Amino acid sequence: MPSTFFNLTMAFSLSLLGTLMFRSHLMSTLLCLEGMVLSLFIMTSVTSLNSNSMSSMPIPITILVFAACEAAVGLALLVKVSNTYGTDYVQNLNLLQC
Amino acid sequence: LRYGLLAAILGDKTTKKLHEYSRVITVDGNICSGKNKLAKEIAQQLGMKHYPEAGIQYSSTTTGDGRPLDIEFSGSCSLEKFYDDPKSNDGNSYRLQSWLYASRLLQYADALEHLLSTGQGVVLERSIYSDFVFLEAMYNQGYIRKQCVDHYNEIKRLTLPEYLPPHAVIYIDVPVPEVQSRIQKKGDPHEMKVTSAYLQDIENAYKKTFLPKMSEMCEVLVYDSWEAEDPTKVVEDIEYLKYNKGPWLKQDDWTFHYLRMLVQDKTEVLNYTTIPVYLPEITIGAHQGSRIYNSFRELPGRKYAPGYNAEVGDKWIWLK
Amino acid sequence: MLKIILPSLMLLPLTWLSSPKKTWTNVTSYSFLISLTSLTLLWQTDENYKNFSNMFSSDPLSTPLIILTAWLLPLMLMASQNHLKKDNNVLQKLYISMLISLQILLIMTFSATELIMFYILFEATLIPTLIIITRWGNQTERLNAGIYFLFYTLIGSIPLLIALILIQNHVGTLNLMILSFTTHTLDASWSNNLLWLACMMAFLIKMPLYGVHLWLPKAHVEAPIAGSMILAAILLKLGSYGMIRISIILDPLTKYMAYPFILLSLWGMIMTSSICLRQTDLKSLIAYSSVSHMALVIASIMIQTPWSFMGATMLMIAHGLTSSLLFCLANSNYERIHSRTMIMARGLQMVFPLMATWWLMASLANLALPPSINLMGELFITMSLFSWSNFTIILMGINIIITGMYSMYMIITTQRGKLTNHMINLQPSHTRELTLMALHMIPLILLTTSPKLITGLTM
Amino acid sequence: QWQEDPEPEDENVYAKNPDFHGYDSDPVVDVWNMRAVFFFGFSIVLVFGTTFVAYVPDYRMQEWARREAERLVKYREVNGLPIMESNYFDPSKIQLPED
Amino acid sequence: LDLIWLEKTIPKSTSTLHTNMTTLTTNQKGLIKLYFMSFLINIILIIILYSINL
Amino acid sequence: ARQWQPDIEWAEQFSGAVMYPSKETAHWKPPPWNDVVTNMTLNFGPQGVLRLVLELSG
Amino acid sequence: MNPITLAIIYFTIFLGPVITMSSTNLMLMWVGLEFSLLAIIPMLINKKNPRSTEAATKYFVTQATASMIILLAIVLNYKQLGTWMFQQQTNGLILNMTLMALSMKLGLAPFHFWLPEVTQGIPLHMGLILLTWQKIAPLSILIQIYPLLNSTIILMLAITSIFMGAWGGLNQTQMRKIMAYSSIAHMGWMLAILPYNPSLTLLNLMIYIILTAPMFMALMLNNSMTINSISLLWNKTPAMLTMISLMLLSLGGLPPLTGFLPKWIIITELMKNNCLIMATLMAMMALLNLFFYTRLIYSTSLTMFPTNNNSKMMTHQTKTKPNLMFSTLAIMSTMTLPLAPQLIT
Amino acid sequence: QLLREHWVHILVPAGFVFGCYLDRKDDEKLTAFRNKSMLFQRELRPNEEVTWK
Amino acid sequence: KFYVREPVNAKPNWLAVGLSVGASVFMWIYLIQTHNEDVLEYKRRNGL
Ligand SMILES: CCCCCCCCCCCCCCCCCC(=O)OC[C@H](COP(=O)([O-])OCC[N+](C)(C)C)OC(=O)CCCCCCCCCCCCCCCCC
Ligand SMILES: CCCCCCCCCCCCCCCCCC(=O)OC[C@H](COP(=O)(O)OCCN)OC(=O)CCCCCCCCCCCCCCCCC
Ligand SMILES: CCCCCCCCCCCCCCCCCC(=O)OC[C@H](COP(=O)(O)OCCN)OC(=O)CCCCCCCCCCCCCCCCC
Ligand SMILES: Nc1nc2c(ncn2[C@H]2C[C@H](O)[C@@H](COP(=O)(O)OP(=O)(O)OP(=O)(O)O)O2)c(=O)[nH]1
Ligand SMILES: [Mg+2]
């Protein structure tokens, strides 16, 4: 369990670093966001199952539901960007600088 | 009760109060060709509210006592001075154009508010959609400059798409020599000092630019004078006119409510007409603005909000 | 002190409720009554200090400043009556309110027993001077001048606030008399040196010290007459009062931290007197004369002799009165000719004999004519400075020589000589402005007659 | 050119009101403001206040200190005491440190 | 002194310094990619200060 | 005589969104005041002697 | 929007920070944070323009990254301590990541690069909603764990927040960007006073909110997006320039306005805790903030910028727009300084 | 009608009376050392109850 | 009849006036009663 939890935290760190280093695809950014979400789900579930915390096993269900609604909101925003610009390229999102 | 979201919740639905004759009809034409009489007869025999051409003193007549104010309060622009000398160095032409566009915008807001509140249709004379015709005519005649044209286009882009286009646009096609003959027969000595080049620019701006942009989104009703000068066939066409295009079909109750708020607050209507674009034609200095604003404030009935001016007979000021 | 603060506070509803044809009359008469009421603080029949309450007090140093402010307020209204005659009623009442706010907040500032309350009222007085200069100033440089004045003063005043809070945390109450009684010596360490600089530089900016004096000439030039009065006659002396109040808890290291500021003050009054010689603007020339006089005040306060403190006090009052009179005469000439050029109006002795007489007495008070309180201040400052070091007399002599030269150069090029006959728009005199000069000059004569009132704390 | 009011010219105020006193345009407010400034400036402030200041007694106890000085000089001269002691404080009631 | 060097020394020098700093610090290109790269640098820096502070 | 008030020049130095046009920021424009058909051309056919150029909105 | 979704969206916007403040669980404070974010996003994209879409996208990705970092910290604390609350012995790395992500949510520097851009392009009332309401919940989470945080990291974040906010507000012209960097500087002040006295943090937050509300109401009176637009306010609404000047001077912290009280008591407490250099630098950057405020005052009130010709017609029209609680918040944000012992606790 | 026209002339004297009243209130508030200063510690006269009011 | 349009504040809102006046009166009476009750409670608690 400590080795696998360390691997899960490094997976979250890699997904976070991928989120922070943008590429041309906002879809890829959202996919990195759900890489973080999935890593959070596995760490929470393994922690609850290891600690036998039956009172807190609803917490993975709540993080899944809340993050899924948040990503639905983000997908709607990406749909709006793709509609206004043809593509989802993040460098098209830059006219609020001035 | 003032109109608002609470009134919309309790029930003030525009689509509920709509009927067949709840239409926006705009009559357009050249300077002197039967435009006023036809609109009056159409409104009278259709049961519609007639809005004549918004002049310089439209805001003066619609606000306060309704008497026309002084010229320095109402735009400081003279149509007679423009006719006498259109290329004057003080920028009378573009000041007159911007003031008339603001008056037309206020008139369109008033007509839209009346239609959305009472359900009665409106018949306007030469609304905001056909004032760029005068703009382009003065630009092609050299009366104004490209900076004035750009500023007018910017204001039109700021204000125009926030409202709804008219349901019907009835146009009066008329030859320039006929317009010249009617102008000579009218007898206004300033108005005979207009050029056939300017009239042809107006007519060309109409035919080349105004009629198509009405054509793909509303119903266009070009008539001659002889097709006009009898306000029965035109009303018959209005009766047998089908409105199956434009953004009026996509409007629902809450869009009507938000549009009603926009047209019922006049400050949001005239918000973008006072953008800080400093053209020397329309820029007024601090001292002249101070004097004009102050004198408008000691004008009777204009010192405080309406209903709070004791000099005009308003009562219960202390209690409200 | 409340019996002076409250009716000055109630001047504001009188201003905003008076008729537009009675506002100036009512406010001027009642502010004259405010000055008459404020004269009761001179009832000092004992060595004890007039501690009116736990928050306000009167002092032999604070009392002349309060009386001076209460006296200048009706004079301020008189000077502001003319250039606002073509102005809106609401803005006129607003300007009167701004002046009354100056007068109220300055009385509370001088009468405060707490240094933190003194600081709050310090830049609480800074705000309406900014508003007056920025709104009712004439030229286009008033905005820049307001920026310069405000930011010199605030960059000065922030380390003063930090020093005040540190002193409060170290001692416990920051009450002026408690500090004066349980004053503790300093260890002459670097922290104490920086603390001394922090609590000194705010009042040094407000004085202004030489090198940092650049906000004063442009603010005085682009300011209106009431702003010029309030600056040159109250605010510099307010910085003076701040140093006098704060210097008690700064022993012993002020005896060597006084060194750069004394040199700066002496060489700077020489420098600014030279600028007064070669200055082409009358308001600028009077402003630089004010800088030189406050440099003398710096030298006295920093050498910290009791005779020097007295000379600083009498120079505060005398220079405030004579600088206000000089700015009034300059503003009368400015309202005549619509120009500020030093050389443009020359032969005014002919057309305006009584105003030229007022010019002459104002300049004679400026150049330290005996037996005036001006010369008493400069002579006692001279005596204390020579006691501090015998070679200061050379700089004092150069300063006095150039002072006489710029005062007589003022008189010669503004009154004497041939008249500029092209200025046909020369109205003879206003009884208002002649009364303004008389009300400026008579208290100078009375304080010359009795100089014991403005001697200050030391004697 | 932007619209702007022309530069006003200051008028000869004495042309329409030869008895102008500097305070207000019409004669009545001008003369009453002049009277108010004269009566409240010189009459009941520069004279009544001057009298009050002149008749403040014993201002910071110069007169009392003079009387006490004369009394102390008389005391110390009829009893042979020094006029001023070299030490303000009595040396017996001060505990100096041992080093 | 007054019209050249004290002006060049205290106020205009302070104004020029703050103008240069505000231009340099808000010459932002407006790209969320650059902003998130900056955020990553901030994260790395704060981890470094935590590791050296302990 | 009269108090100076800002002209068109002093009013126009306050537009440009920057206050400080440098070489790396002078190309910027101020924001607008109001802060402001692709359709299917299907070819129906070999489901086959019919061609349909069919213009679809969804 | 119809009133049904208007009520639902406003109720969830209200409910998010309420759950965050009322909740004693890290999980529930988290879920309140995304109630606030998710409910406010349609309100940003309400206007349906490319600038609003840009602001909504940047705001979403920033808050999503910060919320995932917050959940990382919560899960790591849950593993390390077996509970759902940073009690006393949670890891300093976890606490620093929590502070990192809450500072990212707040928009204080060097995580401030999105706040002026998100504030731009959205309507003024949404700028007010963001810059006032969206910060109480991250401040609530920060206040709940004050003795555990790292003073060095907080002081660095705070001083650079005031530096970048002062420099930005000095730089631009746009009203929304000016208010955003003003928010960044004020959050720097609140963050700096956070580890020593959270009561003064709450006091500064309430003072900033009651100063930000009448700014945004005054901007919404004429939709003045620009320094020039608020500069011709004398022709539009001359009865407001006095309160504009007073409230902007209060935002600058000039006495005797009540906006001097938060900076004053914060400096006093910081000097009680002996961080004199930090307090001096904070006060100098506050002077820079006051400089751009004073330039704004010069533009809008003390001078009179030239006007247009249609402003005559706009003065011909009447208005009932300004609400009743504008004056109450204005007076409470200007003339409350003698009630300082009552305002502080 | 004279009281209606010249009602503005009582505000400053009313403020003066109020300021004198507040000075009197502060004076009776600061009475913790009345007849207790060692410079002025004297036995009370039978016709008086306080040294100063 | 001066204005061409009927003003919103042409007539006083009588319901608003009555509610405001009654509210101010109610808070004044409640303030006096609570102040007297607080004085009596403080004296009873401290034995005054
Ligand atoms: C208008 C003048 C502007 C320039 C001069 C400004 C003042 C210079 C002298 C004071 C230092 C700076 C202000 C500190 C205020 C508090 C002082 C104090 O309490 O000292 C004792 C304290 C020490 O406190 P202490 O006494 O407790 O020391 C500890 C002692 N033991 C351990 C024994 C108990 O000194 C400081 O803390 C000073 C640190 C200051 C660091 C920050 C300085 C920033 C820059 C300041 C100037 C910025 C504006 C000008 C920029 C250039 C413009 C052209
Ligand atoms: C304190 C801070 C001030 C700040 C600025 C204030 C500005 C506003 C001022 C408002 C009024 C305040 C006046 C303050 C000065 C008062 C002057 C005064 O009367 O001083 C008293 C002095 C008497 O002298 P004394 O006080 O005893 O001291 C000298 C001995 N140690 O008196 C004198 O020596 C003479 C008094 C004045 C001169 C006489 C005037 C009347 C002359 C009438 C002559 C009539 C004809 C002859 C009659 C017969 C004579 C035998
Ligand atoms: C002998 C003693 C020697 C020691 C003492 C020295 C200090 C004395 C007191 C300091 C006085 C500083 C005066 C600063 C204001 C004067 C400069 C000015 O007015 O700049 C104006 C300019 C903006 O001009 P603008 O209006 O945009 O355009 C011109 C016309 N439209 O403005 C700009 O371009 C930018 C202005 C920025 C704001 C300036 C005021 C605040 C300065 C804060 C300084 C903080 C220092 C510490 C920083 C942290 C440590 C590094
Ligand atoms: N320059 C300019 N003149 C305008 C504008 N709108 C109207 N006018 C002029 C044209 C006419 O000379 C005058 C009156 O407008 P009309 O078009 O209604 O003319 P008239 O009433 O004589 O004829 P009618 O029978 O109504 O068509 O105002 C405008 O936008 N610009
Ligand atoms: Mg017509």
# chains A, B, ... in the order shown; residues from 1 in each chain; ligands from 1
>>> residues_near_ligand(ligand="ligand 4", cutoff="8 Å", atoms="only C-alpha atoms and all ligand atoms", output="PyMOL selection string")
chain B and resi 29-37+52-55+79+82-83+93+96-97+100-101+125-126+131-135+138+183+186+191
>>> write_last_selection(atoms="N, CA and C atoms", output="mmCIF file, in the first residue's frame")
data_model
loop_
_atom_site.group_PDB
_atom_site.id
_atom_site.type_symbol
_atom_site.label_atom_id
_atom_site.label_comp_id
_atom_site.auth_asym_id
_atom_site.auth_seq_id
_atom_site.Cartn_x
_atom_site.Cartn_y
_atom_site.Cartn_z
ATOM 1 N N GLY B 29 -38.949 56.793 -47.274
ATOM 2 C CA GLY B 29 -39.003 57.471 -48.555
ATOM 3 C C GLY B 29 -38.025 58.621 -48.563
ATOM 4 N N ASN B 30 -38.046 59.368 -49.661
ATOM 5 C CA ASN B 30 -37.111 60.470 -49.851
ATOM 6 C C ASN B 30 -37.681 61.682 -49.094
ATOM 7 N N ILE B 31 -37.128 62.879 -49.321
ATOM 8 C CA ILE B 31 -37.357 64.013 -48.425
ATOM 9 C C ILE B 31 -38.816 64.460 -48.457
ATOM 10 N N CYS B 32 -39.385 64.637 -49.647
ATOM 11 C CA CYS B 32 -40.778 65.075 -49.769
ATOM 12 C C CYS B 32 -41.500 64.142 -50.733
ATOM 13 N N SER B 33 -41.985 63.011 -50.216
ATOM 14 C CA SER B 33 -42.823 62.122 -51.025
ATOM 15 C C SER B 33 -43.770 61.363 -50.094
ATOM 16 N N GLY B 34 -44.955 61.941 -49.872
ATOM 17 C CA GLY B 34 -46.119 61.294 -49.279
ATOM 18 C C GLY B 34 -45.936 60.385 -48.077
ATOM 19 N N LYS B 35 -44.870 60.595 -47.308
ATOM 20 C CA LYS B 35 -44.525 59.650 -46.254
ATOM 21 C C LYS B 35 -45.373 59.862 -45.007
ATOM 22 N N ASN B 36 -45.677 61.119 -44.678
ATOM 23 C CA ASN B 36 -46.418 61.403 -43.454
ATOM 24 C C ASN B 36 -47.881 60.995 -43.576
ATOM 25 N N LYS B 37 -48.519 61.323 -44.703
ATOM 26 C CA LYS B 37 -49.948 61.066 -44.863
ATOM 27 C C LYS B 37 -50.252 59.574 -44.913
ATOM 28 N N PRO B 52 -44.665 60.006 -35.844
ATOM 29 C CA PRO B 52 -44.097 60.803 -36.939
ATOM 30 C C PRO B 52 -42.580 60.858 -36.880
ATOM 31 N N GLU B 53 -41.977 61.601 -37.802
ATOM 32 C CA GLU B 53 -40.525 61.652 -37.888
ATOM 33 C C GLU B 53 -39.941 62.358 -36.672
ATOM 34 N N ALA B 54 -39.000 61.692 -36.008
ATOM 35 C CA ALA B 54 -38.372 62.235 -34.811
ATOM 36 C C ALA B 54 -37.460 63.388 -35.202
ATOM 37 N N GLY B 55 -37.879 64.608 -34.888
ATOM 38 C CA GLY B 55 -37.108 65.788 -35.208
ATOM 39 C C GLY B 55 -36.038 66.062 -34.172
ATOM 40 N N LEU B 79 -31.381 72.209 -38.773
ATOM 41 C CA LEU B 79 -31.601 71.693 -40.120
ATOM 42 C C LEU B 79 -31.609 72.819 -41.145
ATOM 43 N N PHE B 82 -28.079 73.701 -41.764
ATOM 44 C CA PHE B 82 -27.484 72.670 -42.608
ATOM 45 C C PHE B 82 -27.889 72.842 -44.068
ATOM 46 N N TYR B 83 -29.156 73.173 -44.319
ATOM 47 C CA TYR B 83 -29.602 73.413 -45.687
ATOM 48 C C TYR B 83 -28.963 74.667 -46.273
ATOM 49 N N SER B 93 -23.465 69.601 -39.528
ATOM 50 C CA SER B 93 -24.069 68.490 -40.258
ATOM 51 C C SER B 93 -23.998 67.190 -39.465
ATOM 52 N N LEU B 96 -26.116 67.365 -36.317
ATOM 53 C CA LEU B 96 -27.516 67.149 -36.658
ATOM 54 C C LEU B 96 -27.798 65.679 -36.927
ATOM 55 N N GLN B 97 -26.881 64.997 -37.617
ATOM 56 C CA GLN B 97 -27.085 63.586 -37.933
ATOM 57 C C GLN B 97 -27.076 62.724 -36.677
ATOM 58 N N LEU B 100 -30.222 63.485 -34.612
ATOM 59 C CA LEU B 100 -31.407 62.882 -35.204
ATOM 60 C C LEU B 100 -31.400 61.369 -35.052
ATOM 61 N N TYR B 101 -30.225 60.737 -35.109
ATOM 62 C CA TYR B 101 -30.160 59.303 -34.846
ATOM 63 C C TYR B 101 -30.500 58.992 -33.394
ATOM 64 N N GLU B 125 -42.306 56.656 -38.801
ATOM 65 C CA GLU B 125 -41.833 57.303 -40.020
ATOM 66 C C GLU B 125 -40.311 57.403 -39.972
ATOM 67 N N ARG B 126 -39.634 56.633 -40.836
ATOM 68 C CA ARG B 126 -38.184 56.705 -41.052
ATOM 69 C C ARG B 126 -37.400 56.439 -39.761
ATOM 70 N N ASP B 131 -31.441 55.846 -41.446
ATOM 71 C CA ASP B 131 -30.806 57.124 -41.149
ATOM 72 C C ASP B 131 -29.352 57.159 -41.596
ATOM 73 N N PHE B 132 -28.730 55.981 -41.693
ATOM 74 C CA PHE B 132 -27.461 55.833 -42.388
ATOM 75 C C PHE B 132 -27.560 56.238 -43.852
ATOM 76 N N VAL B 133 -28.769 56.253 -44.418
ATOM 77 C CA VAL B 133 -28.972 56.783 -45.762
ATOM 78 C C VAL B 133 -28.595 58.260 -45.816
ATOM 79 N N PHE B 134 -29.091 59.046 -44.856
ATOM 80 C CA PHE B 134 -28.691 60.448 -44.760
ATOM 81 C C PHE B 134 -27.209 60.580 -44.439
ATOM 82 N N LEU B 135 -26.691 59.690 -43.580
ATOM 83 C CA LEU B 135 -25.260 59.698 -43.267
ATOM 84 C C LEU B 135 -24.406 59.528 -44.522
ATOM 85 N N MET B 138 -24.606 62.536 -46.992
ATOM 86 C CA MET B 138 -23.732 63.659 -46.660
ATOM 87 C C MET B 138 -22.263 63.299 -46.838
ATOM 88 N N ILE B 183 -40.469 69.767 -53.504
ATOM 89 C CA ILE B 183 -39.740 70.647 -52.595
ATOM 90 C C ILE B 183 -39.925 72.106 -52.999
ATOM 91 N N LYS B 186 -43.370 73.129 -51.984
ATOM 92 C CA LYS B 186 -43.606 73.252 -50.547
ATOM 93 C C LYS B 186 -43.396 74.684 -50.065
ATOM 94 N N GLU B 191 -35.301 74.885 -47.549
ATOM 95 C CA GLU B 191 -35.403 73.569 -48.164
ATOM 96 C C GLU B 191 -35.234 73.593 -49.678
#
>>> interface_residues(of="chain D", to="chain F", cutoff="8 Å", atoms="only C-alpha atoms", output="PyMOL selection string")
chain D and resi 2+7-8
>>> write_last_selection(atoms="N, CA and C atoms", output="PDB file, in the first residue's frame")
ATOM      1  N   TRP D   2     -13.651  71.559 -31.488  1.00  0.00           N
ATOM      2  CA  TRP D   2     -14.626  71.185 -30.473  1.00  0.00           C
ATOM      3  C   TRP D   2     -15.365  72.413 -29.960  1.00  0.00           C
ATOM      4  N   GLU D   7     -13.729  82.875 -24.426  1.00  0.00           N
ATOM      5  CA  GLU D   7     -13.057  83.326 -23.212  1.00  0.00           C
ATOM      6  C   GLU D   7     -13.717  84.595 -22.688  1.00  0.00           C
ATOM      7  N   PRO D   8     -14.230  84.600 -21.460  1.00  0.00           N
ATOM      8  CA  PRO D   8     -14.885  85.805 -20.943  1.00  0.00           C
ATOM      9  C   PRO D   8     -13.878  86.890 -20.602  1.00  0.00           C
TER      10      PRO D   8
END
>>> residues_around(residues="residue 32 in chain F", least_positions_apart="5", cutoff="12 Å", atoms="only C-alpha atoms", output="JSON, numbers by chain")
{"A": [95, 96, 98], "B": [154, 155, 157, 158, 272, 275, 276, 277], "F": [15, 16, 17], "G": [49, 50, 51, 120, 121, 174, 224, 225, 226]}
>>> write_last_selection(atoms="N, CA and C atoms", output="PDB file, in the first residue's frame")
ATOM      1  N   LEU A  95      -7.969  37.466 -26.219  1.00  0.00           N
ATOM      2  CA  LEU A  95      -8.268  38.876 -26.463  1.00  0.00           C
ATOM      3  C   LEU A  95      -8.738  39.622 -25.214  1.00  0.00           C
ATOM      4  N   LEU A  96      -8.588  39.039 -24.028  1.00  0.00           N
ATOM      5  CA  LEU A  96      -8.889  39.743 -22.788  1.00  0.00           C
ATOM      6  C   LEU A  96      -7.646  40.354 -22.156  1.00  0.00           C
ATOM      7  N   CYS A  98      -6.218  43.067 -23.048  1.00  0.00           N
ATOM      8  CA  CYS A  98      -6.368  44.514 -23.024  1.00  0.00           C
ATOM      9  C   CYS A  98      -7.810  44.896 -23.312  1.00  0.00           C
TER      10      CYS A  98
ATOM     11  N   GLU B 154     -19.863  53.024 -35.631  1.00  0.00           N
ATOM     12  CA  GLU B 154     -19.602  52.438 -34.321  1.00  0.00           C
ATOM     13  C   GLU B 154     -20.818  52.547 -33.410  1.00  0.00           C
ATOM     14  N   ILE B 155     -21.479  53.708 -33.398  1.00  0.00           N
ATOM     15  CA  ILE B 155     -22.670  53.872 -32.564  1.00  0.00           C
ATOM     16  C   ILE B 155     -23.803  52.975 -33.060  1.00  0.00           C
ATOM     17  N   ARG B 157     -23.425  50.110 -34.632  1.00  0.00           N
ATOM     18  CA  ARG B 157     -23.072  48.753 -34.233  1.00  0.00           C
ATOM     19  C   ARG B 157     -23.288  48.533 -32.740  1.00  0.00           C
ATOM     20  N   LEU B 158     -23.121  49.581 -31.931  1.00  0.00           N
ATOM     21  CA  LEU B 158     -23.313  49.442 -30.492  1.00  0.00           C
ATOM     22  C   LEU B 158     -24.787  49.325 -30.129  1.00  0.00           C
ATOM     23  N   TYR B 272     -24.887  54.191 -25.291  1.00  0.00           N
ATOM     24  CA  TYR B 272     -23.803  54.099 -26.257  1.00  0.00           C
ATOM     25  C   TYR B 272     -23.772  55.258 -27.241  1.00  0.00           C
ATOM     26  N   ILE B 275     -20.705  57.729 -26.082  1.00  0.00           N
ATOM     27  CA  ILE B 275     -19.405  57.093 -25.882  1.00  0.00           C
ATOM     28  C   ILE B 275     -18.329  58.171 -25.931  1.00  0.00           C
ATOM     29  N   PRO B 276     -17.252  58.051 -25.158  1.00  0.00           N
ATOM     30  CA  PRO B 276     -16.213  59.100 -25.177  1.00  0.00           C
ATOM     31  C   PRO B 276     -15.286  58.990 -26.383  1.00  0.00           C
ATOM     32  N   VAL B 277     -15.851  59.224 -27.563  1.00  0.00           N
ATOM     33  CA  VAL B 277     -15.090  59.342 -28.801  1.00  0.00           C
ATOM     34  C   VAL B 277     -15.044  60.821 -29.147  1.00  0.00           C
TER      35      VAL B 277
ATOM     36  N   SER F  15      -7.322  57.119 -23.108  1.00  0.00           N
ATOM     37  CA  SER F  15      -7.811  55.974 -23.860  1.00  0.00           C
ATOM     38  C   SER F  15      -6.632  55.267 -24.514  1.00  0.00           C
ATOM     39  N   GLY F  16      -6.678  53.938 -24.531  1.00  0.00           N
ATOM     40  CA  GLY F  16      -5.595  53.161 -25.103  1.00  0.00           C
ATOM     41  C   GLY F  16      -5.255  51.944 -24.271  1.00  0.00           C
ATOM     42  N   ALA F  17      -5.940  51.808 -23.136  1.00  0.00           N
ATOM     43  CA  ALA F  17      -5.886  50.695 -22.193  1.00  0.00           C
ATOM     44  C   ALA F  17      -4.531  50.511 -21.515  1.00  0.00           C
TER      45      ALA F  17
ATOM     46  N   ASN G  49     -20.782  36.322 -25.474  1.00  0.00           N
ATOM     47  CA  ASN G  49     -19.831  36.970 -26.361  1.00  0.00           C
ATOM     48  C   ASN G  49     -18.505  36.238 -26.237  1.00  0.00           C
ATOM     49  N   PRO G  50     -17.609  36.372 -27.227  1.00  0.00           N
ATOM     50  CA  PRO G  50     -16.297  35.705 -27.120  1.00  0.00           C
ATOM     51  C   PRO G  50     -15.481  36.113 -25.904  1.00  0.00           C
ATOM     52  N   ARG G  51     -15.574  37.370 -25.467  1.00  0.00           N
ATOM     53  CA  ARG G  51     -14.848  37.791 -24.274  1.00  0.00           C
ATOM     54  C   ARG G  51     -15.399  37.115 -23.022  1.00  0.00           C
ATOM     55  N   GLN G 120     -12.502  41.542 -16.580  1.00  0.00           N
ATOM     56  CA  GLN G 120     -12.831  42.134 -17.868  1.00  0.00           C
ATOM     57  C   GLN G 120     -13.700  41.178 -18.680  1.00  0.00           C
ATOM     58  N   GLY G 121     -14.510  41.741 -19.572  1.00  0.00           N
ATOM     59  CA  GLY G 121     -15.323  40.944 -20.467  1.00  0.00           C
ATOM     60  C   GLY G 121     -16.608  40.410 -19.879  1.00  0.00           C
ATOM     61  N   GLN G 174      -8.787  50.386 -17.672  1.00  0.00           N
ATOM     62  CA  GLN G 174     -10.112  49.794 -17.588  1.00  0.00           C
ATOM     63  C   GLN G 174     -10.561  49.669 -16.140  1.00  0.00           C
ATOM     64  N   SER G 224     -20.038  52.732 -17.062  1.00  0.00           N
ATOM     65  CA  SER G 224     -18.782  53.403 -17.381  1.00  0.00           C
ATOM     66  C   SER G 224     -17.658  52.379 -17.300  1.00  0.00           C
ATOM     67  N   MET G 225     -17.241  51.874 -18.458  1.00  0.00           N
ATOM     68  CA  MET G 225     -16.191  50.871 -18.543  1.00  0.00           C
ATOM     69  C   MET G 225     -14.793  51.470 -18.521  1.00  0.00           C
ATOM     70  N   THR G 226     -14.671  52.784 -18.693  1.00  0.00           N
ATOM     71  CA  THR G 226     -13.409  53.413 -19.041  1.00  0.00           C
ATOM     72  C   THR G 226     -13.194  54.626 -18.144  1.00  0.00           C
TER      73      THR G 226
END
>>> residues_around(residues="residue 296 in chain G", least_positions_apart="2", cutoff="12 Å", atoms="only C-alpha atoms", output="JSON, numbers by chain")
{"C": [143], "F": [14], "G": [169, 170, 171, 172, 173, 174, 175, 178, 179, 226, 227, 228, 229, 230, 231, 241, 244, 245, 247, 248, 249, 251, 252, 289, 290, 291, 292, 293, 294, 298, 299, 300, 301, 302, 303]}
>>> residues_around(residues="residue 220 in chain G", least_positions_apart="6", cutoff="10 Å", atoms="only C-alpha atoms", output="short mmCIF file (atom, residue, chain, number, x, y, z; two decimals) with C-alpha atoms, in the first residue's frame")
data_model
loop_
_atom_site.label_atom_id
_atom_site.label_comp_id
_atom_site.auth_asym_id
_atom_site.auth_seq_id
_atom_site.Cartn_x
_atom_site.Cartn_y
_atom_site.Cartn_z
CA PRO G 123 -20.76 42.63 -16.85
CA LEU G 124 -20.18 44.91 -13.89
CA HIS G 125 -22.63 43.18 -11.54
CA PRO G 214 -20.63 51.29 -4.15
CA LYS G 321 -31.70 53.27 -11.45
CA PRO G 322 -29.66 53.97 -8.25
#
